Structures are given as structure tokens and as C-alpha cells.
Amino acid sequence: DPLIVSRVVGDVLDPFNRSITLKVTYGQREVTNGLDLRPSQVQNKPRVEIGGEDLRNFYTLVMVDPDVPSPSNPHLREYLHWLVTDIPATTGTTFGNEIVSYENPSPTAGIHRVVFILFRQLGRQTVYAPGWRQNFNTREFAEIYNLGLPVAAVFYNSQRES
């Protein structure tokens, strides 16, 4: 399973059951696990569409790079690239609340995993932005905000361009 082989499950997430649709698209390129994207393709926020269990459900999207400054010494893990909450089922990020604005990943050292994680919320709720994007912890965030295990996750690989 790409999420296990890449250690996204492990480094960032506990094992979970995929249950909700998460589609992340940059330009005309849909992200699928492990595809390579160039930094020049990800300068602006992607389109994000989600599924859902019931139209009354709300979801939170987290985007992180766990490989900062480098995958071999990731002492700033995780870097928070984007956070959007209160996304109504079957819609997407433009219908949610943007807690932390999108910052484009632009790795310079090694291959970085760029991970999108979707969580089901118990209901709408207030979420606070961190004061720094470095040293974010998705597992701890999910615990604080009662988000449970992920319902979906996808990642791409990116490295410095040539």
C-alpha cells in the first residue's frame, strides 16, 4: 500500500480505513499516491473535492510536509502548508473555513512527501491556527480537535527542479 510503503502511515498517521473520497488536483493533474509533481506545478493551492457519508457531515483537510528540512534529518517535522475546516460533505475546500493559508512546497534537500489528510469532524467547531508552521503534529492536532483517525489521505513526492 503506497501509504505504508512510503511511511506516511508510520511517520504521520496511524493505520486507518479509507472511507471518504479525497481528490486533489493541480492544473490538469490529479494527485495519486507517490506521483511526482514539480514545485512549478504546486505554486498555488490545488482544487480539492471530497465525498462524505451524509450531507450533514463536515470534514477537515490538513496538508503537511513531514520531511523538513530533509527526509534524513526531519527535525522540523511536520511543516503545515494548509489547513481548511468545516468542509461540507460532497463539496471541497472553497466551501470550508481556511484556518491557515496555502503555502507552496518547494523542497531543496532530498525528496519530500507532501501529504493531504482528511478527517471527519463531530460537528462544526472552532480551530486555532498555530503561531508557526514548523513542528506541527497531525496526530496531536487530531487528538486536540476530536477528529479521530483519518478518513482519507493522499501524497505526492517533490524535489528541487532542474
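One-based numbering along the sequence shown.
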Residue range whose averaged C-alpha B-factor is higher in the record, 25 to 33 or 120 to 128: 120 to 128
150 to 158 versus 14 to 22 - which carries the larger mean C-alpha B factor in the record: 14 to 22
Among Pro46, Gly110, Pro105, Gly51 - the residue whose C-alpha B-factor is largest in the record: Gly110
Relative C-alpha B-factor of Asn57, binned into the chain's lowest, middle or highest third: lowest
Chain-relative CA temperature factor third for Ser70: highest
Third of chain Cα B-factors occupied by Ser101: lowest
